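Below is one structure, written out as structure tokens; comments come after it.
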Amino acid sequence: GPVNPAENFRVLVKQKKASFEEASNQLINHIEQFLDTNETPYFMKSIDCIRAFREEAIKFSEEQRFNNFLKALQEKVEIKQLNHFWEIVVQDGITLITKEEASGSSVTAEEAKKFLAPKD
């Protein structure tokens with residue numbers, strides 16, 4: 001009976017209370033750890049974590065908290081070595097927090113488009 005960080009998080013926030021702070025901070029901590037090792041099968045867990053959080057956030061939480069950490073993460077992995085995480089997260093057809101992708105169309109064209117442009 002394996003355990004999933006995304007599943008435990010979704011439940012912890014859908015039980016009665018969570019505030020969306022401890023479960024989030026912890027989630028990001030787990031992700032960081034997964035990146036600590038530095039393996040291929042370890043990056044799969046990270047993406048699965050960003051996919052579970054991104055949805056829970058964009059849906060109705062802290063969409064800006066994602067594009068915030070995203071802006072830093074992108075520039076961080078770029079000026080480090082884990083630049084593959086971007087080539088991966090992008091290749092997966094995934095994009096930043098889009099206005100329409102949320103409930104209220106609130107996001108600049110520089111956030112969703114500038115982050116993922118067709119031509120270089």
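Residue numbering restarts at 1 for every chain of the structure tokens, chains are lettered A, B, ... in their displayed order, and ligands are numbered from 1 as they appear.
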
Long-range neighbours of residue 64 in chain A as a list in words, 9 Å cut-off, only C-alpha atoms, 6 positions minimum in chain: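 Listed by chain and then number, they are residues 57, 58, 97 and 107 of chain A.
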
Polymer residues at most 10 Å from residue 4 in chain A, only C-alpha atoms, same-chain spacing of 6 or more positions, as a PyMOL selection string: chain A and resi 45+48-49

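Here the question is which of A:52, A:115, A:31, A:104 gets nearest to residue 8 in chain A using only C-alpha atoms, and that residue is A:52.
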
Secondary structure check, helix (DSSP H, G or I) residues of chain A, as a PyMOL selection string: chain A and resi 5-12+22-37+40-60+63-78+84-91+109-112

Separation of CA of residue 120 in chain A from CA of residue 51 in chain A in Å: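 So the answer is 25.6 Å.
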
Contacts of range 9-24 of chain A at 9 Å (only C-alpha atoms; same-chain gap of 4+ positions) as a PyMOL selection string: chain A and resi 4-5+28-29+52-53+56+61

List as an mmCIF file with C-alpha atoms, in the first residue's frame the protein and nucleic acid residues near residue 99 in chain A, meaning an atom at most 12 Å away when only C-alpha atoms are counted, but skip any in the same chain fewer than 2 places from it.
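Below is the file that was written, part-v6.cif:
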data_model
loop_
_atom_site.group_PDB
_atom_site.id
_atom_site.type_symbol
_atom_site.label_atom_id
_atom_site.label_comp_id
_atom_site.auth_asym_id
_atom_site.auth_seq_id
_atom_site.Cartn_x
_atom_site.Cartn_y
_atom_site.Cartn_z
ATOM 1 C CA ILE A 58 -5.236 27.501 -10.221
ATOM 2 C CA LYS A 59 -8.635 26.010 -9.429
ATOM 3 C CA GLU A 63 -2.364 30.639 -8.407
ATOM 4 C CA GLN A 64 0.035 33.573 -7.950
ATOM 5 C CA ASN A 67 3.774 31.634 -10.853
ATOM 6 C CA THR A 95 2.400 25.952 -19.191
ATOM 7 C CA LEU A 96 2.454 28.584 -16.444
ATOM 8 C CA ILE A 97 -0.613 29.859 -14.637
ATOM 9 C CA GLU A 101 -6.842 28.516 -16.764
ATOM 10 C CA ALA A 102 -8.211 29.993 -13.540
ATOM 11 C CA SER A 103 -11.511 31.451 -12.337
ATOM 12 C CA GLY A 104 -11.457 35.127 -13.272
ATOM 13 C CA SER A 105 -8.995 35.461 -16.163
ATOM 14 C CA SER A 106 -6.291 37.141 -14.071
ATOM 15 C CA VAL A 107 -2.802 36.761 -15.579
ATOM 16 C CA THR A 108 -0.579 38.840 -17.842
ATOM 17 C CA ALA A 109 0.320 37.682 -21.352
ATOM 18 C CA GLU A 110 3.917 37.822 -20.147
ATOM 19 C CA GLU A 111 3.216 35.122 -17.579
ATOM 20 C CA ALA A 112 1.608 32.473 -19.783
ATOM 21 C CA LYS A 113 2.963 33.433 -23.220
#

Compile a residue-level contact table for range 19-62 of chain A against range 77-85 of chain A at a cut-off of 12 Å, reporting for every qualifying residue the shortest atom pair and its distance in Å to one decimal, with only C-alpha atoms counted, rows ordered by chain and ascending number, as JSON lines.
{"residue": "A:32", "atom": "CA", "partner": "A:82", "partner_atom": "CA", "distance": 11.8}
{"residue": "A:35", "atom": "CA", "partner": "A:82", "partner_atom": "CA", "distance": 8.7}
{"residue": "A:36", "atom": "CA", "partner": "A:82", "partner_atom": "CA", "distance": 10.6}
{"residue": "A:37", "atom": "CA", "partner": "A:82", "partner_atom": "CA", "distance": 11.8}
{"residue": "A:38", "atom": "CA", "partner": "A:82", "partner_atom": "CA", "distance": 8.8}
{"residue": "A:39", "atom": "CA", "partner": "A:82", "partner_atom": "CA", "distance": 10.7}
{"residue": "A:40", "atom": "CA", "partner": "A:84", "partner_atom": "CA", "distance": 10.3}
{"residue": "A:42", "atom": "CA", "partner": "A:85", "partner_atom": "CA", "distance": 11.0}
{"residue": "A:43", "atom": "CA", "partner": "A:85", "partner_atom": "CA", "distance": 7.5}
{"residue": "A:44", "atom": "CA", "partner": "A:85", "partner_atom": "CA", "distance": 9.9}
{"residue": "A:45", "atom": "CA", "partner": "A:85", "partner_atom": "CA", "distance": 11.7}
{"residue": "A:46", "atom": "CA", "partner": "A:85", "partner_atom": "CA", "distance": 9.1}
{"residue": "A:47", "atom": "CA", "partner": "A:85", "partner_atom": "CA", "distance": 8.5}
{"residue": "A:50", "atom": "CA", "partner": "A:85", "partner_atom": "CA", "distance": 11.3}

Those same residues, written as a CSV table (one decimal), in the first residue's frame with C-alpha atoms?
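Output file result-v6.csv is given in full below:
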chain,number,residue,atom,x,y,z
A,32,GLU,CA,13.0,19.7,-3.1
A,35,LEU,CA,15.5,16.9,-6.5
A,36,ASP,CA,18.3,16.4,-3.9
A,37,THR,CA,19.0,12.9,-5.0
A,38,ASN,CA,19.4,13.8,-8.7
A,39,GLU,CA,17.9,10.8,-10.6
A,40,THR,CA,15.6,10.3,-13.6
A,42,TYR,CA,13.0,11.1,-9.1
A,43,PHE,CA,12.0,13.9,-11.5
A,44,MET,CA,8.7,12.0,-12.2
A,45,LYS,CA,7.6,12.5,-8.6
A,46,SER,CA,8.4,16.2,-8.8
A,47,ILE,CA,6.3,16.8,-11.9
A,50,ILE,CA,3.7,20.3,-9.5

Counting only C-alpha atoms, the option among A:91, A:98, A:117, A:3 closest to residue 66 in chain A: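 So, comparing all the options, the nearest one is A:98.
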
CA of residue 54 in chain A to CA of residue 41 in chain A, straight-line distance in Å: 20.6 Å
